[PDB]
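The chain below stands alone and is given as structure tokens, in the form deposited in one PDB entry.
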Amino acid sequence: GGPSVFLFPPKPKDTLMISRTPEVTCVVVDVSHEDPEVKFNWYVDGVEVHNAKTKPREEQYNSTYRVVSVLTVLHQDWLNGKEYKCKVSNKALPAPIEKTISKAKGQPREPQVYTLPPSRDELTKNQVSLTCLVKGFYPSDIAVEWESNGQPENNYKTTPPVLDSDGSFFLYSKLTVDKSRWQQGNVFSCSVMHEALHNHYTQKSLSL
């Protein structure tokens, strides 16, 4: 026994557009089996609020339960670097655990987006890789997706943000397409959403 608490930041895509709802999430896992009750206390910059909503206590799986408390947040507050403390109270837990999270406190830097064609070596394979390099951005809260002429593409993966040498972050997004589709005239785009970008959105095309 002995429950652990994990606190999660709001999704970046949700941060960017006021049309979406950004949510900070406190997740309690591995809880007791005779105490199906936990109390959440949220604080914004040291001031308690009651915006929150606790999830039902389900299920285990393996043993125990996971309780999830979701407090949604204001778009501006997160970006302003407001602190969010999630005090989890359990009664099978000396002593109640507090977790704090916020935006990275530093100088915001706009990402440089570079689309990169498949290696001439990779041509021999049936599937080729379209690589989108995004570098020199801060903070790491960023969203990377791929699109085609009219519909978005999938089966692509994006690397975790990596701290660069100059103190900034970069990552890679690798889109996998059939080589037959590449040697045609198809146009692929790498769309990037970040707070430091103007209109919190940029896009780069990659064609043959």
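All residue numbers are counted from 1 along the displayed sequence.
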Would you determine, from the values in the PDB entry, which of 149-157 and 23-31 has the greater average C-alpha temperature factor?
149-157
Using only the Cα atoms and their B-factors as the entry lists them, report which of 14-22 and 195-203 averages higher.
14-22
For the listed residues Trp42, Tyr172, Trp182, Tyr61, which one has the largest C-alpha B-factor as given in the deposited model?
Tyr61
Top residue by Cα temperature factor, when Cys86, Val113, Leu123, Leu71 are compared in the entry
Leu123
Based on the deposited C-alpha B factors for this chain, I'd like to know if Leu93 is in the lowest, middle or highest third.
highest
Comparing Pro139 with the other modelled residues of its chain, is its CA B-factor in the lowest, middle or highest third?
middle
Could you tell me which third, lowest, middle or highest, the C-alpha B-factor of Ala104 occupies within its chain?
highest
Going by the recorded CA B-factors, say which third of the chain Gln76 sits in, lowest, middle or highest.
middle
Which third of the chain holds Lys53 when residues are ordered by C-alpha B factor: lowest, middle or highest?
lowest
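The form deposited in another entry is left out here; the points below concern that form.
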Pick from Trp42, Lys179, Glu23, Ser102: which one is at the hinge where the rigid parts meet as they turn between the shown form and the other one?
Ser102
